[PDB]
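Trainee: Sharing target_27.pdb (PDB, C-alpha atoms and all ligand atoms) below.
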ATOM      1  CA  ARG A   1       0.000   0.000   0.000  1.00  0.00           C
ATOM      2  CA  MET A   2       1.806   3.023   1.378  1.00  0.00           C
ATOM      3  CA  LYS A   3       5.409   2.221   0.432  1.00  0.00           C
ATOM      4  CA  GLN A   4       4.113   1.963  -3.144  1.00  0.00           C
ATOM      5  CA  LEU A   5       2.523   5.382  -3.301  1.00  0.00           C
ATOM      6  CA  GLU A   6       5.317   7.065  -1.268  1.00  0.00           C
ATOM      7  CA  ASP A   7       7.825   6.025  -3.898  1.00  0.00           C
ATOM      8  CA  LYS A   8       5.381   7.410  -6.460  1.00  0.00           C
ATOM      9  CA  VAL A   9       5.112  10.701  -4.560  1.00  0.00           C
ATOM     10  CA  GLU A  10       8.922  10.558  -4.421  1.00  0.00           C
ATOM     11  CA  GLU A  11       9.013  10.128  -8.212  1.00  0.00           C
ATOM     12  CA  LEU A  12       6.429  12.928  -8.506  1.00  0.00           C
ATOM     13  CA  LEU A  13       8.519  15.253  -6.336  1.00  0.00           C
ATOM     14  CA  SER A  14      11.601  14.691  -8.470  1.00  0.00           C
ATOM     15  CA  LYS A  15       9.637  15.312 -11.661  1.00  0.00           C
ATOM     16  CA  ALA A  16       8.086  18.528 -10.312  1.00  0.00           C
ATOM     17  CA  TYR A  17      11.511  19.885  -9.344  1.00  0.00           C
ATOM     18  CA  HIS A  18      12.761  18.816 -12.791  1.00  0.00           C
ATOM     19  CA  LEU A  19       9.972  20.543 -14.758  1.00  0.00           C
ATOM     20  CA  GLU A  20      10.173  23.646 -12.536  1.00  0.00           C
ATOM     21  CA  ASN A  21      13.795  24.136 -13.544  1.00  0.00           C
ATOM     22  CA  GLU A  22      12.948  23.475 -17.196  1.00  0.00           C
ATOM     23  CA  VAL A  23      10.257  26.148 -17.116  1.00  0.00           C
ATOM     24  CA  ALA A  24      12.768  28.602 -15.606  1.00  0.00           C
ATOM     25  CA  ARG A  25      15.057  27.825 -18.575  1.00  0.00           C
ATOM     26  CA  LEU A  26      12.296  28.488 -21.101  1.00  0.00           C
ATOM     27  CA  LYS A  27      11.217  31.723 -19.385  1.00  0.00           C
ATOM     28  CA  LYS A  28      14.727  33.222 -19.194  1.00  0.00           C
ATOM     29  CA  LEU A  29      15.373  32.571 -22.893  1.00  0.00           C
ATOM     30  CA  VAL A  30      11.906  32.991 -24.452  1.00  0.00           C
TER      31      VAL A  30
ATOM     32  CA  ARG B   1       0.915   8.217   7.023  1.00  0.00           C
ATOM     33  CA  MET B   2      -2.026   9.124   4.831  1.00  0.00           C
ATOM     34  CA  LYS B   3      -1.752  12.611   6.361  1.00  0.00           C
ATOM     35  CA  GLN B   4       1.634  13.368   4.812  1.00  0.00           C
ATOM     36  CA  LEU B   5       0.632  11.872   1.462  1.00  0.00           C
ATOM     37  CA  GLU B   6      -2.427  14.047   0.975  1.00  0.00           C
ATOM     38  CA  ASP B   7      -0.227  16.878   2.273  1.00  0.00           C
ATOM     39  CA  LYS B   8       2.401  16.400  -0.404  1.00  0.00           C
ATOM     40  CA  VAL B   9      -0.018  15.575  -3.230  1.00  0.00           C
ATOM     41  CA  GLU B  10      -1.592  18.996  -2.587  1.00  0.00           C
ATOM     42  CA  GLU B  11       1.859  20.551  -2.895  1.00  0.00           C
ATOM     43  CA  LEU B  12       2.168  18.494  -6.066  1.00  0.00           C
ATOM     44  CA  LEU B  13      -1.367  19.243  -7.295  1.00  0.00           C
ATOM     45  CA  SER B  14      -0.666  22.968  -7.071  1.00  0.00           C
ATOM     46  CA  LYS B  15       2.881  22.780  -8.392  1.00  0.00           C
ATOM     47  CA  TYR B  16       1.542  20.891 -11.380  1.00  0.00           C
ATOM     48  CA  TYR B  17      -1.205  23.432 -12.068  1.00  0.00           C
ATOM     49  CA  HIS B  18       1.256  26.308 -11.556  1.00  0.00           C
ATOM     50  CA  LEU B  19       3.490  24.778 -14.265  1.00  0.00           C
ATOM     51  CA  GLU B  20       0.539  24.276 -16.639  1.00  0.00           C
ATOM     52  CA  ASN B  21       0.013  28.031 -16.478  1.00  0.00           C
ATOM     53  CA  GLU B  22       3.700  28.712 -17.091  1.00  0.00           C
ATOM     54  CA  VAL B  23       3.573  26.411 -20.128  1.00  0.00           C
ATOM     55  CA  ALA B  24       0.388  28.012 -21.455  1.00  0.00           C
ATOM     56  CA  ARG B  25       1.863  31.489 -20.962  1.00  0.00           C
ATOM     57  CA  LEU B  26       5.162  30.398 -22.545  1.00  0.00           C
ATOM     58  CA  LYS B  27       3.385  28.949 -25.598  1.00  0.00           C
ATOM     59  CA  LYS B  28       1.905  32.397 -26.217  1.00  0.00           C
ATOM     60  CA  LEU B  29       5.339  33.930 -25.850  1.00  0.00           C
ATOM     61  CA  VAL B  30       7.048  32.110 -28.675  1.00  0.00           C
TER      62      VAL B  30
ATOM     63  CA  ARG C   1      -8.910   7.663   1.678  1.00  0.00           C
ATOM     64  CA  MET C   2      -6.298   5.243   0.386  1.00  0.00           C
ATOM     65  CA  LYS C   3      -7.812   4.433  -3.001  1.00  0.00           C
ATOM     66  CA  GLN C   4      -8.518   8.103  -3.795  1.00  0.00           C
ATOM     67  CA  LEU C   5      -4.896   8.888  -2.956  1.00  0.00           C
ATOM     68  CA  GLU C   6      -3.465   6.205  -5.272  1.00  0.00           C
ATOM     69  CA  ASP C   7      -5.697   7.407  -8.127  1.00  0.00           C
ATOM     70  CA  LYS C   8      -4.858  11.057  -7.420  1.00  0.00           C
ATOM     71  CA  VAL C   9      -1.177  10.457  -7.988  1.00  0.00           C
ATOM     72  CA  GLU C  10      -2.310   8.619 -11.143  1.00  0.00           C
ATOM     73  CA  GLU C  11      -3.529  11.894 -12.650  1.00  0.00           C
ATOM     74  CA  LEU C  12      -0.365  13.591 -11.381  1.00  0.00           C
ATOM     75  CA  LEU C  13       2.003  11.064 -13.027  1.00  0.00           C
ATOM     76  CA  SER C  14       0.046  11.514 -16.266  1.00  0.00           C
ATOM     77  CA  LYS C  15       0.013  15.303 -16.118  1.00  0.00           C
ATOM     78  CA  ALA C  16       3.710  15.143 -15.183  1.00  0.00           C
ATOM     79  CA  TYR C  17       4.283  13.273 -18.436  1.00  0.00           C
ATOM     80  CA  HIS C  18       2.379  15.671 -20.692  1.00  0.00           C
ATOM     81  CA  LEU C  19       4.194  18.617 -19.112  1.00  0.00           C
ATOM     82  CA  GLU C  20       7.487  16.968 -20.020  1.00  0.00           C
ATOM     83  CA  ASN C  21       6.164  16.652 -23.595  1.00  0.00           C
ATOM     84  CA  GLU C  22       4.831  20.210 -23.751  1.00  0.00           C
ATOM     85  CA  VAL C  23       8.014  21.572 -22.209  1.00  0.00           C
ATOM     86  CA  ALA C  24      10.027  19.467 -24.687  1.00  0.00           C
ATOM     87  CA  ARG C  25       8.007  20.969 -27.549  1.00  0.00           C
ATOM     88  CA  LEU C  26       8.638  24.512 -26.329  1.00  0.00           C
ATOM     89  CA  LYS C  27      12.382  23.833 -26.116  1.00  0.00           C
ATOM     90  CA  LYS C  28      13.079  24.252 -29.878  1.00  0.00           C
ATOM     91  CA  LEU C  29      10.642  27.082 -30.259  1.00  0.00           C
ATOM     92  CA  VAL C  30      12.946  28.906 -27.825  1.00  0.00           C
TER      93      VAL C  30
HETATM   94 NA    NA A 101       8.456   2.836 -11.769  1.00  0.00          NA
HETATM   95 NA    NA A 102      -8.019  16.427   5.950  1.00  0.00          NA
HETATM   96 NA    NA A 103       6.716  21.039   1.216  1.00  0.00          NA
HETATM   97 NA    NA A 104      -2.597  21.473 -19.571  1.00  0.00          NA
HETATM   98 NA    NA A 105       4.584   7.760 -15.123  1.00  0.00          NA
HETATM   99 NA    NA A 106       9.504   9.354 -16.820  1.00  0.00          NA
HETATM  100 NA    NA A 107      17.523  22.526 -23.578  1.00  0.00          NA
END
Once you've parsed the file, please lay out its structure as structure tokens.
Mentor:
Amino acid sequence: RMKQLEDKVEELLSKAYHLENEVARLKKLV
Amino acid sequence: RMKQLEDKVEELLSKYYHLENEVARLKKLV
Amino acid sequence: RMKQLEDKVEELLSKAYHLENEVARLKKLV
């Protein structure tokens, strides 16, 4: 149950921090 | 347990919407 | 609350993926 969705939320957290940076890239160059 | 998960998924739910706006805005700006 | 949680991160993982795609698209327009 919960160790499965925690590692998903972990994955989610990583992704969010990833995309956040990407958007910063785009915005500073666009 | 389930407290911290719903906690973080709201962080994530809002992060993800926030990004969707940045992407929408950025699409207009290219 | 457990099942709603697991399905909520479902949407998140899937929106995470389309943001990667839409931010990848915007990369070579800027
Ligand atoms: Na996996
Ligand atoms: Na509550
Ligand atoms: Na936090
Ligand atoms: Na969207
Ligand atoms: Na996924
Ligand atoms: Na992935
Ligand atoms: Na790049």
Trainee: Could you list, as a PyMOL selection string, all residues that come within 9 Å of ligand NA 104 (chain A)? Count all atoms listed in the file.
Mentor: (chain B and resi 17+19-21+23-24) or (chain C and resi 15+18-19+22)
Trainee: Can you tell me which residues come within 10 Å of ligand NA 105 (chain A) when counting all atoms listed in the file, ideally as a list in words?
Mentor: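 Checked against 10 Å with all atoms listed in the file; the hits are residues 8, 11, 12 and 15 of chain A; 9, 10, 11, 12, 13, 14, 15, 16, 17 and 18 of chain C.
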Trainee: State the Cα RMSD (Å, one decimal) obtained when chain C is least-squares superposed onto chain A, all Cα atoms paired in order.
Mentor: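 Across the paired C-alpha atoms, the RMSD reaches 0.6 Å.
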Trainee: So the first atom is atom CA of residue 30 of chain C and the second is atom CA of residue 24 of chain A; what is the distance between them in Å, to one decimal place?
Mentor: 12.2 Å
Trainee: May I have the residues within 12 Å of residue 3 of chain C as number ranges by chain, using all atoms listed in the file and disregarding those fewer than 6 positions away in the same chain?
Mentor: A: 1-2, 5; B: 2, 6; C: 9-10
Trainee: Kindly work out which residues sit at most 9 Å from ligand NA 103 (chain A), using only C-alpha atoms and all ligand atoms, and give the list as a PyMOL selection string.
Mentor: chain B and resi 7-8+11-12
Trainee: As an exercise, work out the distance from atom CA of residue 22 of chain B to atom CA of residue 21 of chain C in Å and give it to one decimal place.
Mentor: 13.9 Å
